[PDB]
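Peer 1: These protein sequence lines map, in sequence, to chains A, B, C, D and E. The numbering of the first sequence is full-length UniProt numbering, which starts it at 613 and goes up by one. Numbering (full-length UniProt numbering) for the second sequence: 613 to 676, 690 to 711. Numbering (full-length UniProt numbering) for the third sequence: 712 to 827, 848 to 1147. The numbering of the fourth sequence is full-length UniProt numbering, which starts it at 861 and goes up by one. The numbering of the fifth sequence is full-length UniProt numbering, which starts it at 712 and goes up by one. Got a structure for you, questions after.
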Amino acid sequence: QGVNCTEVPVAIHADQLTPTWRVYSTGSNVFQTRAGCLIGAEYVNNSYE
Amino acid sequence: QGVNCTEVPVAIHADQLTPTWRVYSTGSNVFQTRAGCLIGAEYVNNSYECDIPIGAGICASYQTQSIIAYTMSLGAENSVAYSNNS
Amino acid sequence: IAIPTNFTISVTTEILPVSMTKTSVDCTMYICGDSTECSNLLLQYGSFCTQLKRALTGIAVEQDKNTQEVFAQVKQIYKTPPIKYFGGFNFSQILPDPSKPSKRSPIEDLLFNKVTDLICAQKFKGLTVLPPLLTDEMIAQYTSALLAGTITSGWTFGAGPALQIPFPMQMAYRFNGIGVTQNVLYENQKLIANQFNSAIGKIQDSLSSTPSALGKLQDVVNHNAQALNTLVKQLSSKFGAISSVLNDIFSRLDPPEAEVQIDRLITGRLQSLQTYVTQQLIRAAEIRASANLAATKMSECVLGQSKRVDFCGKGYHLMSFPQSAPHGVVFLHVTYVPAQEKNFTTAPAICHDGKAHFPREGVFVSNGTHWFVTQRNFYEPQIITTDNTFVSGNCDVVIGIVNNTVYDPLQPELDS
Amino acid sequence: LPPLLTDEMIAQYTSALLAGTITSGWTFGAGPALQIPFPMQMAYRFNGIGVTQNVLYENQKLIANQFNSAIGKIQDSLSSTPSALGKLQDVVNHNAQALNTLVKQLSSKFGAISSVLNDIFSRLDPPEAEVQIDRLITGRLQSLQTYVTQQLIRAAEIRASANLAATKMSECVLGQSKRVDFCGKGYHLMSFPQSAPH
Amino acid sequence: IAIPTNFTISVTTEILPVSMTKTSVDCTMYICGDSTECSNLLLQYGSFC
Ligand SMILES: *[C@@H]1O[C@H](CO)[C@@H](O[C@@H]2O[C@H](CO)[C@@H](O)[C@H](O)[C@H]2NC(C)=O)[C@H](O)[C@H]1NC(C)=O
Ligand SMILES: *[C@@H]1O[C@H](CO)[C@@H](O[C@@H]2O[C@H](CO)[C@@H](O)[C@H](O)[C@H]2NC(C)=O)[C@H](O)[C@H]1NC(C)=O
Ligand SMILES: *[C@@H]1O[C@H](CO)[C@@H](O[C@@H]2O[C@H](CO)[C@@H](O)[C@H](O)[C@H]2NC(C)=O)[C@H](O)[C@H]1NC(C)=O
Ligand SMILES: *[C@@H]1O[C@H](CO)[C@@H](O[C@@H]2O[C@H](CO)[C@@H](O)[C@H](O)[C@H]2NC(C)=O)[C@H](O)[C@H]1NC(C)=O
Ligand SMILES: *[C@@H]1O[C@H](CO)[C@@H](O[C@@H]2O[C@H](CO)[C@@H](O)[C@H](O)[C@H]2NC(C)=O)[C@H](O)[C@H]1NC(C)=O
Ligand SMILES: *[C@@H]1O[C@H](CO)[C@@H](O[C@@H]2O[C@H](CO)[C@@H](O)[C@H](O)[C@H]2NC(C)=O)[C@H](O)[C@H]1NC(C)=O
Ligand SMILES: *[C@@H]1O[C@H](CO)[C@@H](O[C@@H]2O[C@H](CO)[C@@H](O)[C@H](O)[C@H]2NC(C)=O)[C@H](O)[C@H]1NC(C)=O
Ligand SMILES: *[C@@H]1O[C@H](CO)[C@@H](O)[C@H](O)[C@H]1NC(C)=O
Ligand SMILES: *[C@@H]1O[C@H](CO)[C@@H](O)[C@H](O)[C@H]1NC(C)=O
Ligand SMILES: *[C@@H]1O[C@H](CO)[C@@H](O)[C@H](O)[C@H]1NC(C)=O
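Following this line, the structure appears as structure tokens:
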């Protein structure tokens, strides 16, 4: 929430207080919304309910 | 509250937080309801409007002689003469 | 202009919570338990427990008051006639079934089934639940009496003595209320009855299939549960002290300097109880607002016909049915929806004999060759005559007026 | 947290409601939308308040001119007077006020030596720094609980206001209401919706 | 009796609040800041947040 996708943890071994649930960034379709950064979802150009 | 009317603490001389104000039994009868165990009132088979709400459809009132308990009456039964063309 | 040519009777379900679980708390067991020293120390912290008990009693009586105002709205207890015939209308799914011991309608039984050692553990901490004043049987009897009154008498019993009237006549009155003539019903009675039965069956099947419609009520129950859970968890917090067990504190520490930890625990428990009471007060206020809304809906939609838009369901409201659910009420709104619209040519007024004629309640339409007048909610063309039109002014100030002729009913037979 | 519905979506809803009311009257709120000329809808609404259609049928021009003048006057009044939207503004202000308080309590000693906590740890041994931190955290937790309670009360009030607004929208915009003073002062004819910040 | 002879079309404005700003509070760094030592005292208070 409220975090730019550019400063997401890249890390060498540990640079984040979370218990290291880091996933691959580029291959997981990192997306940027006004609410922050989303990882694990691929944005589509369609629209549904 | 929450007594099956048989586990009522009758006490010997002093074993209750109650400071010796217990009425034992057979003086004002014992009634068992969903809310708990009621003593001091006599149950009746009639039905009137609720005056002192006890709970689970049971109410109590003082008639003019003692305190009695009963089941609240929803109202007077009525019937409508429905017909084909009336 | 666009005018509908067909109609559809629709049934909608709306669920409103009424009352929540009545709870009571004990200070001695929850705060201290069985240690007399803790109570002896507690005696000189004031009358907070009195305030908590007063608030809980107020909430408990408020719940019963809300239930009584929502449901107890009829002085009499009407009884349905033994012969269950209403001109093709079924009402089987909503009328009580004497076969079942619970004396509930199939819809009520399904509603009860769809809504759902911890009790002893919560009781052992001084947290108890008071049974509701009104049992489910009397609520079912109230619902049955309301249904009998609204079926056998309509809205007449909501303002005085009950007056009997045939059900097709009552539905004709209801259509006349929304601007639809009675011959519309009297020529399509079987179709309307079949549509109503099909809608009732569809509602039954939909309520049987999906269980997420009542989650609101479930949510309320869930909230109560979690609240209690939180309080239980508050018994496992030291608040920064040495331990949560009084005997260990009293045995491992010298009592003159061990009072600080006990006082800290007492203050923390009192603060948790106060927070729980405040949350309960807010929830009770919200529940009271919901109960007031439900009572207003019961008074208006059920006991009468409401002209307010979308107040008693989508579309033109016709009537309603009340049903009881665990800690809630369910309204089945029967409404009217137009369909199968058609295009037509319309004019504001008709110019005849140098005068302007306007319809009384209808609207002028044209099919490309002729002109007619028809009601605004259904297609029923009629020959333009002098009885359904009135003259006001001339044909030089009205914009869009067209030329046509008006038939005079009394002129033909006058000459013969 | 940003709102789920963007301002564009709310504007689109408002435009759709306005178009439906203009081109169909109240028929779109009770089922499928049916087209109707605006003068005929006005005549129907006049019949609603017990006025015959002939009154409109030779006063349409005057009524249209009066309506245009009234809407222009409303526009000018909104442009000139800035104290009409306060009912919204104070609300936002209230939130800010609460936020400011929730910050200012961070600068209070609450009976401790100082608001800063690391200096307390570095000043002396734990046997008293623990008590100081206990006092500080108790005060801060009390402030947080008070803020949460105030937020809950304000949220309940806002929910009541939103329910009232939704009822007014349903009963005044999607149809003609016979209630007195519910949809304005005088004999109500019809309403128009517009959005605004919160 | 008094009978009206003219009419006026009037427009009035009504302003109604709808929604309130949504906020979220981070207990961890509000209660103790970035100091890790202060964080250990919270665990004895239970789940207060
Ligand atoms: C209208 O007719 C109905 C039925 O013919 C009357 O209802 C009956 O009234 C008598 C009173 O002597 C009762 O004994 C019956 O039990 C009633 N029938 C039913 C089905 O309830 C009704 O009283 C008549 N109306 C008036 C004003 O007399
Ligand atoms: C007039 O009433 C009679 C009976 O009150 C109706 O005849 C049937 O009566 C039986 C009872 O033995 C019911 O189960 C049926 O539903 C009734 N109807 C039919 C069609 O069998 C009769 O239908 C009524 N007529 C009208 C026009 O209402
Ligand atoms: C109005 O709608 C009703 C049903 O909504 C139509 O009645 C159906 O007509 C079809 C036509 O073959 C029948 O198969 C059905 O059995 C009828 N009943 C039902 C319940 O569907 C009716 O025909 C429509 N009228 C117009 C003029 O469109
Ligand atoms: C009212 O609806 C009920 C359905 O709940 C009908 O009862 C069914 O009637 C059919 C006859 O076609 C039977 O095959 C089913 O076994 C019945 N089910 C139950 C649960 O009773 C009832 O017939 C309808 N009323 C009328 C007058 O037709
Ligand atoms: C418009 O409706 C009128 C209704 O009278 C139609 O006129 C009738 O049309 C039928 C054919 O469907 C003829 O048999 C009648 O003799 C006609 N009567 C009169 C008085 O003209 C008319 O045809 C319709 N026009 C259109 C374009 O549908
Ligand atoms: C309806 O009929 C009237 C009368 O026949 C028409 O009024 C005539 O209009 C023509 C030209 O439009 C004039 O030359 C005549 O002097 C008018 N006569 C009268 C008595 O006013 C009227 O035009 C017709 N409506 C339409 C739409 O054509
Ligand atoms: C009803 O009121 C309207 C205005 O409120 C009157 O219209 C005015 O008429 C005068 C004289 O004809 C003009 O000078 C004004 O410009 C008109 N007002 C507008 C806004 O155009 C109308 O005359 C009144 N009707 C009666 C019968 O008194
Ligand atoms: C986020 O990163 C992008 C790309 O580096 C940059 O353009 C933008 O200014 C940053 N901040 C925000 C708020 O988007
Ligand atoms: C009360 O005791 C009777 C007799 O054993 C028993 O049948 C009944 O279930 C008991 N009720 C409760 C609530 O314990
Ligand atoms: C009426 O005509 C318009 C355009 O000619 C069309 O879009 C609309 O579907 C028509 N309505 C009906 C009910 O046929």
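All C-beta atoms in this analysis are idealised placements derived from N, C-alpha and C, irrespective of residue type, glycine included.
Unbroken beta strand (DSSP E) runs of length 3 or more, entirely within the stretch 1080-1144 of chain C: which are they?
Peer 2: As far as the stretch 1080-1144 of chain C is concerned, its whole beta strand (DSSP E) runs of at least 3 residues are 1081-1083, 1086-1090, 1094-1097, 1102-1105, 1120-1122.
Peer 1: Could you please give the first and the last residue of the uninterrupted beta strand (DSSP E) stretch that includes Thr719(C)?
Peer 2: For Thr719(C), the enclosing beta strand (DSSP E) has its first and last residue at 713-728.
Peer 1: Taking the alpha-carbon positions, what's the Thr618(A) to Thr632(A) distance?
Peer 2: 18 angstroms
Peer 1: Scan the stretch 1044-1056 of chain D for residues whose Cβ lies nearer than 8 angstroms to a Cβ of chain E and list them as they occur along the chain.
Peer 2: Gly1044, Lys1045, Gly1046, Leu1049, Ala1056
Peer 1: Give the residues of chain E in contact with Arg1014(D), contact being defined as C-beta atoms less than 9 angstroms apart.
Peer 2: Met731
Peer 1: When DSSP labels each residue in this structure, what does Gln644(B) get in the three-state scheme?
Peer 2: strand
Peer 1: Using a Cβ-Cβ cut-off of 7 angstroms (strictly less than) and excluding sequence neighbours within five positions of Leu894(D), which residues of its own chain qualify?
Peer 2: Excluding residues within five positions, the ones whose Cβ falls inside 7 angstroms are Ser884, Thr887.
Peer 1: Just the chain D side, please: which residues come within less than 8 angstroms of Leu754(E) by C-beta, in chain order?
Peer 2: Going along chain D, no residue has its Cβ under 8 angstroms from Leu754(E), so there is no contact; the nearest lies around 12 angstroms.
Peer 1: Assuming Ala1070(C) contacts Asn801(C) under a Cβ cut-off of 8 angstroms, what Cβ separation, rounded to an integer in Å, is found between them?
Peer 2: So it is not a contact: roughly 23 angstroms between Cβ atoms.
Peer 1: If contact means a Cβ-Cβ distance below 9 angstroms, which residues of the stretch 863-879 of chain C contact chain B?
Peer 2: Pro863, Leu864, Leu865, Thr866, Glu868, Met869, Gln872, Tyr873, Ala876, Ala879
Peer 1: Which class does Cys649(B) belong to by DSSP, given the choice of helix, strand or coil?
Peer 2: strand
Peer 1: Under a CB-based cut-off of 7 angstroms, is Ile997(D) close to chain E?
Peer 2: It does: the Cβ of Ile997(D) has a partner Cβ on chain E nearer than 7 angstroms.
Peer 1: With which residues is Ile670(B) paired in a DSSP beta bridge?
Peer 2: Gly667(B), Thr696(B)
Peer 1: Less than 7 angstroms between the beta carbons of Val615(A) and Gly648(A), yes or no?
Peer 2: yes
Peer 1: State the DSSP-derived secondary structure class of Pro631(B), mapped to helix, strand or coil.
Peer 2: coil
Peer 1: So for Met1050(D), helix, strand or coil by DSSP?
Peer 2: coil
Peer 1: Pick out whichever of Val952(D), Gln949(D), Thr961(D), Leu996(D) has its Cα sitting closest to the Cα of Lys969(D).
Peer 2: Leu996(D)
Peer 1: Contact between the stretch 1009-1022 of chain D and the stretch 904-917 of chain D: three or more CB pairs below 8 angstroms?
Peer 2: no
Peer 1: Starting from the beta carbon of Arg634(B), find every residue of chain C whose beta carbon is closer than 9 angstroms, and list them in chain order.
Peer 2: Those do not exist, as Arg634(B) stays about 19 angstroms from chain C at its closest Cβ, beyond 9 angstroms.
Peer 1: Measure the CB-CB distance between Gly908(D) and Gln1036(D) and report whether it falls below 7 angstroms.
Peer 2: In terms of Cβ geometry, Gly908(D) and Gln1036(D) form a close pair [threshold 7 angstroms].
Peer 1: What distance in whole Å lies between the Cβ atoms of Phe1052(C) and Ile805(C), which are believed to be in contact at a cut-off of 8 angstroms?
Peer 2: 6 angstroms
Peer 1: Which one or two residues does DSSP pair with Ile788(C) in a beta bridge?
Peer 2: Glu702(B)
Peer 1: Quick one: residues in its chain with C-beta nearer than 8 angstroms to the C-beta of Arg983(D), no 5 flanking neighbours on either side, listed in chain order?
Peer 2: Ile973, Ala989
Peer 1: Taking the continuous alpha helix (DSSP H) assigned at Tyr917(C), which residues delimit it?
Peer 2: 913-917
Peer 1: Which of the three DSSP states is assigned to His954(C) in this structure?
Peer 2: helix
Peer 1: Rounded to whole angstroms, what's the CA-CA distance from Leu877(D) to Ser746(E)? Just pull it up for me.
Peer 2: 54 angstroms
Peer 1: Please list the partners that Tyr655(B) has in chain C, where partner means a Cβ-to-Cβ separation under 8 angstroms.
Peer 2: What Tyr655(B) touches in chain C: nothing, since even the nearest Cβ is about 17 angstroms away.
Peer 1: Counting C-beta neighbours from all protein chains within 10 Å, is the total for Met731(C) 16 or more, i.e. buried, or is it exposed?
Peer 2: buried
Peer 1: Pull up the DSSP beta-bridge partners for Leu1063(C), would you.
Peer 2: The beta-bridge partner set that DSSP reports for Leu1063(C) consists of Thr724(C), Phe1052(C).
Peer 1: Going by C-alpha to C-alpha distance, which of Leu1034(C), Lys1028(C), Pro1057(C) sits closest to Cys1043(C)?
Peer 2: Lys1028(C)
Peer 1: Along the chain, where does the alpha helix (DSSP H) containing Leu1004(D) start, and where does it finish?
Peer 2: 986-1028
Peer 1: Please classify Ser735(C): does DSSP put it in a helix, a strand, or coil?
Peer 2: In this structure, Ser735(C) counts as strand in the three-state DSSP scheme.
Peer 1: Using a C-beta to C-beta distance shorter than 7 angstroms, which residues of chain C count as neighbours of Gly639(B)?
Peer 2: In chain order: nothing, as chain C lies at least about 26 angstroms away.
Peer 1: Is the beta carbon of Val1137(C) less than 7 angstroms from the beta carbon of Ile1115(C)?
Peer 2: yes
Peer 1: Tell me the DSSP secondary structure of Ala623(A) in three-state form.
Peer 2: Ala623(A) sits in coil when the DSSP states are folded into three classes, being neither helix nor strand.
Peer 1: Kindly list the residues whose CB is nearer than 8 angstroms to the CB of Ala1087(C), restricted to its own chain and excluding five residues on each side of it in sequence; keep chain order.
Peer 2: Excluding residues up to 5 positions away in sequence, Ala1080, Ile1081, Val1122, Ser1123, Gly1124, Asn1125, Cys1126, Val1129, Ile1132 lie with their Cβ nearer than 8 angstroms to the Cβ of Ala1087(C) in the same chain.
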